[PDB]
Asker: 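I have a structure here, written as structure tokens, and I will follow up with some questions on it.
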Amino acid sequence: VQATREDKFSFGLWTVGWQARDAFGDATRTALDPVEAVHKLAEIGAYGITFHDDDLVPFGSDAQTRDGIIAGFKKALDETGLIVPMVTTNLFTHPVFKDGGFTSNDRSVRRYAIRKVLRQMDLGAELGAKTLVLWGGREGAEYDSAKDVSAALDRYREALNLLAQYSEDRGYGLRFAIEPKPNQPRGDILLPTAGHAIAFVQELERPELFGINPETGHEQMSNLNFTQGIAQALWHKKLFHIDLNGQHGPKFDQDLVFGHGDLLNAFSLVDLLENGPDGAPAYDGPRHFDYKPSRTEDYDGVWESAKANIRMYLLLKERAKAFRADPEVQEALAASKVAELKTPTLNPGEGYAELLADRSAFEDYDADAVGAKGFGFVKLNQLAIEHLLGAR
Amino acid sequence: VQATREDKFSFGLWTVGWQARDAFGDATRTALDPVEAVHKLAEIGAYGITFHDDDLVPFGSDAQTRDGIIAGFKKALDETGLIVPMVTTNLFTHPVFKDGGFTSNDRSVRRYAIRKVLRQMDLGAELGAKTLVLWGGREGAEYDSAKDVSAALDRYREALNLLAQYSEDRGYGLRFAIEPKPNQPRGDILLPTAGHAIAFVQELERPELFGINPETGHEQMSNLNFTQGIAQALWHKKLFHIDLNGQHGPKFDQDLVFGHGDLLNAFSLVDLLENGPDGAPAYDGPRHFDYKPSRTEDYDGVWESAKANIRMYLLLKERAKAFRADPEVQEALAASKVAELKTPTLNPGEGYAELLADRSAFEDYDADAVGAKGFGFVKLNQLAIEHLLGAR
Amino acid sequence: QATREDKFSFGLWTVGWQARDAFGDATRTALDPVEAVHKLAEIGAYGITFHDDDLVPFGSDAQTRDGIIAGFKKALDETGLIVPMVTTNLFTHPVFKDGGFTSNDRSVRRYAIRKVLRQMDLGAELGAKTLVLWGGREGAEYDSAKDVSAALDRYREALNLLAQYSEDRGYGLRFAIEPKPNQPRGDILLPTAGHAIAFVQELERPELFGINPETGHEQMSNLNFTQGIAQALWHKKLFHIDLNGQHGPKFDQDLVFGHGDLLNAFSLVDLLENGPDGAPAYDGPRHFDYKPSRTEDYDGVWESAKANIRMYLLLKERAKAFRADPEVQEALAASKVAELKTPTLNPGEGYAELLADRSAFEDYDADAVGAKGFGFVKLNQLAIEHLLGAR
Amino acid sequence: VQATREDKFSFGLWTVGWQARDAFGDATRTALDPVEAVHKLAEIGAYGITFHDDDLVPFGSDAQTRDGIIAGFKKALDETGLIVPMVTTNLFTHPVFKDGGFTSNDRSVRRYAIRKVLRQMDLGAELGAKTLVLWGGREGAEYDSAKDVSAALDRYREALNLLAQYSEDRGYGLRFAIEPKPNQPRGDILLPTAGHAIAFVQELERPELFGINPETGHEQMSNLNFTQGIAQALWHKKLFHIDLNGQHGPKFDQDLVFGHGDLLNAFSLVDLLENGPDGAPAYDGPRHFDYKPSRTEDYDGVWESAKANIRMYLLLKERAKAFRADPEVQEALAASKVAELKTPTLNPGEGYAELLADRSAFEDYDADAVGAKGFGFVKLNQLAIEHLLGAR
Ligand SMILES: O=C[C@H](O)[C@@H](O)[C@H](O)CO
Ligand SMILES: O=C[C@H](O)[C@@H](O)[C@H](O)CO
Ligand SMILES: O=C[C@H](O)[C@@H](O)[C@H](O)CO
Ligand SMILES: O=C[C@H](O)[C@@H](O)[C@H](O)CO
Ligand SMILES: [Mg+2]
Ligand SMILES: [Mg+2]
Ligand SMILES: [Mg+2]
Ligand SMILES: [Mg+2]
């Protein structure tokens, strides 16, 4: 198929621009020019581009240079019609952030980290971005006694409250998306899963402005069900953005093309986002790919991988719809009682008093007979998969 | 050392009573009489005993039988002075619960699950229990299309609000603690980590009556840092109860004696719980051991293992105390700047306007010089381990 | 549709699993063995396997035992099903709580061998060609409780005996050690396919020993199952295979083959079928060692049995199409997959000739070579598209 | 308390020399001078140093430079009395090795990789090294269809056979140690575990010259039991060298100080290596630390961390000795029948026929009665932990 701007496929500058310098080796590709990136991505079907401050403007650029880069960058967007849906700040590369940005043990680093974000918020606001993604990659520890978690959560909250204050007062209208990750680069990162991140956000001053940006690989690094966590995120209404990529369970973060890691879970994820209630998608934000072209590839492999992300999503979408439209699947869903879960356990107006009065819910309930009936889940799964294989 | 009632060590009837029938074999031990279990626990220094409805009263016992059991039980409690600080319900054993209790796709099972719990709340309230633990072991799925998570969270919530209501109205004064687990027995369980449970609890009708009951091995099954997750639970003030045991990373749940799995994390956990703010413990509920005596042991090994849990806790407590009273450790803490995290990042009355005006926070900040100072974390970790090893 | 040439087999204990798990009672009633034979024959299975204790209840008197066997043989006869492999339950009974062959208790070890000898005679009687040995209770929960070195000596001692016996009696059995990292023990001896092959190389008649790797068992450690099978085939030790599905490191799920890591299920079928000639690289039984989920009744059980065969045949078809695609041939050429098969050295070349080749070092432009891409993502993308029936 | 040359502690130049440039950030430490490294290690008690060709001589140095560096290095060893027990080659950093050295799909890379190694073998021999470690970090793949494993193993073997031929012909008397690793940097690496590396070695032309160099964290990345793995390597007599470090389960390779990851396994490991048959160690090679001083530390932190490894090993040794020497432990071992595993299952000269005729081994065997006796394993384990904690 073909991507449309209505699909809202976005990519970070750092994705197709990853030079492939890994933990054990030198870069295998030369640097990617941002203007070219804009052009190349516009060409493959992306509707937007994102970036960290330092991806666009080299750390420690004088004003003139910085200004110079932005102006050229805006031209390219202009020309191509791409937007900047989200912006983020690099609080992990420079040595000063070795112990964190917002929660560094060092107070001077914390103050600096906030200044650095404020400045990116301004550029973001100016480019029309709606979301500020916050990935606290250096927030965490290698040793338990080196970090007071409670104090760290206080300092994290303290920084977020300020950013919300600023944005509201300047009238930027940003939404903030906290990105959880279990480890890498710290032995243990704070807010390790989608869950911890949502619980945290609920403790902020203007919780309505905060959500999460879960990434496929991050949850899989802990062997969690990505689709299920996204389902919980949507239940809470905190899915402000999403990072799509592939991973092969608990190991270093691979950042593969979306659907190149856990294919079955990539399938159910697309089904959840698109086969939303009232026909429509359950999620309307950017479908952002935060992946990395393998170290073994050249610039051609890079564009190939960029396109593979889009094809994977559209092929899966196509099969999720067919699946839902299949009468045999409909019959299987019925036998599995999937929809009976949507009917309240209690009859309208019933409370514990009436439930207690219902002998059929306990005293006269035949648990044994109910326990003998199967749910037909295997058959239902077999049909989903045959839809995925294009075997139906 | 010796355990005192002030230590608040409690054990589940199902721990020392596990007959050791595992997934691949038959029981290796005969059943333990509840009265006998009360006497033996009292003798090793436990202050309380806990149980699932079905551990005490065999599933489907007539009222005369049940009444007889309860009465004999109360006598033992009376005679020994042990208390029942928490009670729980078995919503996982009987075949009727194969697709869950509160979230089974089948409506009638959902209604029966609630009645089974209400009945247990009554007995709990009569025994003086203050906490009702909820472990939704069957709430989840093996296949993504078999369960509507959103509908499931709705149903979960629907059941829990009723329980709070009933408890409120009857004046039971119970606190509810949801126990997260990532998998086992379902392929994926709903509310997989302490984070997900906390975020969920925040959405109930009366969040104040709800917290979590996190278990050491459950978080380690996902290879998460248990101590750090507890630290976050404490920050939210949602640590209502705790299950202590041992585990060796991501694999089936082993339920070893506390400290026999990740020893270093057990050590930092005891430090966190007992060396709380203001001299005193950061947590005051029961120190509950939800473990299983290894299948290779006989009743002698069973009491040995019951005693090993307490010994382990007391030995680590002793070492945690010594660790903190060491002037050298104190000096390392100061050099690592642990306490400096506790100081707000912003000066009193400082806002973004003032922060933006501080050139020392950015314009004149020497990132490069700060980035070069070491935190001394390794040295601090080494002193901690030397304390644990009794080498200091 | 399955044919006897596909060689699909199932263990009696897979479809017959009552779904009594670590936390709940059984949700299904017992399956009758004759019935299992008839139902499996019906879905296209060519063979059935069993642990001694799955067919003949532990402790049956000879009359009883004899009665059951005669019944079973008759069902085989009628349906035309064979018994390619047999195994022994050395894990259920309490006596085996510390192991069969490597129990600390000498008397259990002796008994463990007697139990297996007995099953060997029955296997021989039924025409089985492979004896699978799953040492599920061999290992430990605590490091000081088990002397690993003495354990391997005792594991070896027991196997050498079994081989002697088989060889003296003319049974012609092949022995396949089944590795598992854990469950039921905290740590099981011979935890991966690699550990088991290395061990087998140390027995008295190594040619008689190989392995029986299980998809889920390697995945429990997060290992690449296909890649381990490739190494097993290279050593020529793939004597049998147990297929099922798993979702990484967690308890063993025993899902239907292909319901866990689908990409790896695809590369595995490609490996086993798109062998050397045009021919399969593996000629043994495709054994499904799985469990129908606890949420299912007997209709679910038969559906899950068929799902295993369906997944393999669907994967096979896509594997074949993948290889026949000219676009794939082109990507394989760009990726230099086949260049790996050409020896690094030219015929008759040794270290002296290599050392004299200035072009292999002194004049080698590493920077230039390091800049060319392998085109692996593109190759991967064509593979997935074949899998999805998108081409 | 103090290290002796008899302890055989070695460190790789790349360990203390790691500048802390990780996957997400820039180096936080300056480069370490090889000569200085030699003096500092000599000073902390190390008996030897190891290096990758490229750690000592910058990739692409002319012979004049190369030669000068070697001469200075040689001097330092001279003055300090340190030896070079092992050398290794870097076949992972340079972009040319992106698909492997010996198993690169590119034939020219394979020829080049062999040449690089032959050269390092020459330097090794000149410095007196006895072991050549081969870590095939880039041998493997991210995608299944990209690598023919069979062909790969043929090419790995082809290369290794030539290396043995050469050493043997030049009379170097080297031993070759293959270092297994499951992943990082490739998605999956060939010879992922100690078991796979041993099986492979058995297929070489002169297998007696080959063994493995297992690393603590490498086996732990797969959640395997490192001690049990070493036990198997010792049974085969293939433990040619060993890399000690710490790791926290399946996640990126942390390379912490030895014993700072799984402490309990670090303990059983020292016990295995040191309490060998008849008092003597079961292993006689170097106790090599292949770790990295955390990114948060400075050079002070670096030397501290170097010493921490030595300390950890000697503290554990000390407790392993005391554990074994304790008559209570000796009694628990007897009760658990640990040594009974050493007695052959079969009586002297007993074969299948005598065993088949022994009614006590089957017909008259009381399995139910034996099945009920406990093994006393929890208690033995508790005794071990108490010795570790310095409580006994
Ligand atoms: O693990 C790295 C993160 O995924 C990163 O790319 C963020 O999303 C942006 O800072
Ligand atoms: O994994 C089992 C659970 O931990 C259970 O013991 C709960 O704590 C109470 O049902
Ligand atoms: O994990 C269980 C094993 O796979 C078992 O079924 C063997 O294959 C036969 O005992
Ligand atoms: O994972 C990195 C390896 O441990 C490496 O240090 C080798 O031992 C030497 O090439
Ligand atoms: Mg991301
Ligand atoms: Mg529990
Ligand atoms: Mg099997
Ligand atoms: Mg190493």
Side-chain angles (χ1 to χ4, degrees), chain A residues 12-15 18 50-55 86-93 133-137 177-185 189 213-218 221 241-243 245 252-253 255 288-292, chain B residues 12 14-15 23-24 50 52 86 88 133 135 137 177 179-181 213-218 241-245 253 255 288-292, chain C residues 11-14 17 49-54 85-92 132-136 176 178-184 188 212-217 220 240-242 244 251-252 254 287 289-291, chain D residues 23-24:
Chain A
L13 178 59
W14 69 91
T15 71
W18 185 58
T50 78
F51 65 96
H52 296 80
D53 49 350
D54 302 347
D55 296 329
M86 180 275 283
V87 297
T88 184
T89 316
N90 178 324
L91 304 181
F92 48 90
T93 301
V133 156
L134 301 131
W135 174 60
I178 303 307
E179 175 161 5
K181 191 175 184 184
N183 60 251
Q184 245 276 94
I189 301 182
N213 182 49
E215 174 165 309
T216 319
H218 298 182
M221 283 167 71
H241 192 267
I242 194 172
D243 272 356
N245 69 5
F252 70 102
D253 50 312
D255 286 328
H288 185 254
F289 303 112
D290 186 1
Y291 87 110
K292 276 164 180 51
Chain B
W14 70 91
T15 71
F24 283 91
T50 68
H52 295 83
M86 176 279 269
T88 192
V133 153
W135 173 57
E179 184 162 351
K181 196 179 192 184
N213 181 42
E215 175 165 305
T216 315
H218 295 182
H241 188 271
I242 193 159
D243 280 357
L244 306 163
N245 65 10
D253 45 322
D255 287 339
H288 190 245
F289 302 110
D290 183 4
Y291 91 107
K292 290 169 166 63
Chain C
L12 179 48
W13 76 86
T14 68
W17 183 59
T49 71
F50 63 96
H51 295 76
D52 51 349
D53 299 346
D54 303 326
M85 176 276 275
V86 299
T87 189
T88 318
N89 183 323
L90 293 184
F91 53 86
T92 295
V132 155
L133 298 114
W134 173 59
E178 183 162 358
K180 196 187 191 184
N182 62 253
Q183 227 303 114
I188 296 175
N212 180 45
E214 179 161 303
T215 311
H217 296 183
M220 279 169 74
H240 196 265
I241 201 175
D242 270 4
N244 64 10
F251 67 104
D252 33 348
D254 289 347
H287 193 235
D289 186 357
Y290 89 110
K291 285 173 173 60
Chain D
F24 278 97

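Order of appearance sets the numbers: ligands from 1, and atoms from 1 within every ligand. Order of the sequence lines sets the chain letters (A, B, ...), proteins ahead of strands, with each chain counted from 1.
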Asker: For C:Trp13, take its heavy atoms, then give the atoms of ligand 3 lying under 4.0 Å from any of them.
Answerer: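 Answer for ligand 3: 6 (O).
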
Asker: Working note: C:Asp252 + B:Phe24, criterion side-chain contact (heavy atoms from CB on, under 4.5 Å); need CA distance, chi angles, decisive distance, verdict.
Answerer: CA-CA 11 Å; C:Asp252 33 348; B:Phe24 283 91; 3.8 Å; yes

Asker: Suppose we measure from atom 1 (O) of ligand 3 to each protein heavy atom; which comes out shortest, and what is that distance?
Answerer: C:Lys180 NZ, 3.0 Å

Asker: Anything protein N, O or S sitting under 2.8 Å from the Mg ion (ligand 6): count it and give me the total.
Answerer: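 The number of such protein atoms is 4.
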
Asker: Strictly distance-based, threshold 3.5 Å: is any side-chain N or O of A:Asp53 a donor or acceptor partner for the main-chain N or O of A:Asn90?
Answerer: yes

Asker: How about C:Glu178 and C:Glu214: do any of their side-chain heavy atoms sit closer than 4.5 Å?
Answerer: yes

Asker: For atom 9 (C) of ligand 1, find the nearest protein heavy atom and state the residue, atom name and distance (0.1 Å precision).
Answerer: A:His52 NE2, 3.3 Å

Asker: Where does C:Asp242 meet ligand 3, judged by heavy-atom distances below 4.0 Å: at the side chain, the backbone, both, or neither?
Answerer: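 Contact part for C:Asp242 vs ligand 3: side chain (C-beta onward).
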
Asker: What is the distance from atom CH2 of C:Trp17 to atom CG of C:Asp254, rounded to the nearest 0.5 Å?
Answerer: 8.0 Å

Asker: What orientation do C:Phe91 and C:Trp134 show, parallel under 30°, tilted 30 to 60°, or perpendicular over 60°?
Answerer: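 Judged by the thresholds at 30° and 60°, the geometry between C:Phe91 and C:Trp134 is perpendicular.
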
Asker: C:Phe91 heavy atoms, cut-off 4.0 Å: which ligand 3 atoms fall inside?
Answerer: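 By the 4.0 Å cutoff, the relevant atoms are 10 (O).
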
Asker: Test your reading of the model: is there a side-chain donor-acceptor pair from A:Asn245 to the backbone of A:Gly217, 3.5 Å cut-off?
Answerer: yes

Asker: Do any N/O atoms on A:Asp253 end up under 3.5 angstrom from N/O atoms on ligand 1?
Answerer: no

Asker: If you have a sec, work out which protein heavy atom is nearest atom 6 (O) of ligand 3 and how many Å separate them, to one decimal?
Answerer: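 Checked against all protein heavy atoms, atom 6 (O) of ligand 3 sits closest to C:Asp289 OD2, 2.9 Å.
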
Asker: Nearest 0.5 angstrom please: C:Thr215 OG1 to C:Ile241 CD1, how far?
Answerer: 6.0 Å

Asker: Hey, does A:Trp135 come in under 3.5 Å of ligand 1, counting only N/O atoms on both sides?
Answerer: no

Asker: Of all the non-hydrogen atoms in the protein, which one sits nearest to atom 2 (C) of ligand 1, and at what distance?
Answerer: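 Checking every protein heavy atom, the shortest distance to atom 2 (C) of ligand 1 gives D:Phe24 CZ, 3.6 Å.
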
Asker: Against heavy atoms of A:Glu215, which atoms of ligand 1 measure under 4.0 Å?
Answerer: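 Contacts of ligand 1 toward A:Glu215, numbered from 1: 4 (O).
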
Asker: Restricting to side-chain contact (heavy atoms from CB on, under 4.5 Å), what partner residues turn up for B:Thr88, sequence neighbours left out?
Answerer: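 If we apply the side-chain contact (heavy atoms from CB on, under 4.5 Å) test to B:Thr88, skipping adjacent residues, the hits are B:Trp14, B:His52, B:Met86, B:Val133.
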
Asker: Does only the side chain of A:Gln184 get under 4.0 Å from ligand 1, or the backbone, or both, or neither? Count heavy atoms.
Answerer: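 No part of A:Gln184 comes within reach of ligand 1.
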
Asker: Starting from atom 8 (O) of ligand 3, locate the nearest protein heavy atom and write down its residue, its atom name and how far away it is, to 0.1 Å.
Answerer: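 The protein heavy atom lying closest is C:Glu178 OE1, 2.4 Å.
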
Asker: Could you pull out the closest heavy-atom pair between B:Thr15 and B:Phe289, with the gap in Å?
Answerer: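 B:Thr15 and B:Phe289 have their closest heavy atoms at CG2-O, 3.4 Å.
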
Asker: Could you give the distance from CG (B:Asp243) to OG1 (B:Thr50), rounded to the nearest 0.5 Å?
Answerer: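 It is 8.0 Å, given to the nearest 0.5 Å.
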
Asker: Could you tell me which non-hydrogen atom of A:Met221 sits nearest to which non-hydrogen atom of A:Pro182, and how far apart they are?
Answerer: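 In this case the closest contact between A:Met221 and A:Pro182 is CB-CG, 3.8 Å.
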
Asker: Report the distance from atom NE2 of B:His218 to atom CG of B:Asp290, rounding to the nearest 0.5 Å.
Answerer: 6.5 Å

Asker: Please list, in number order, the atoms of ligand 1 under 4.0 Å from a heavy atom of A:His218.
Answerer: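 The list of qualifying atoms is 1 (O), 4 (O).
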
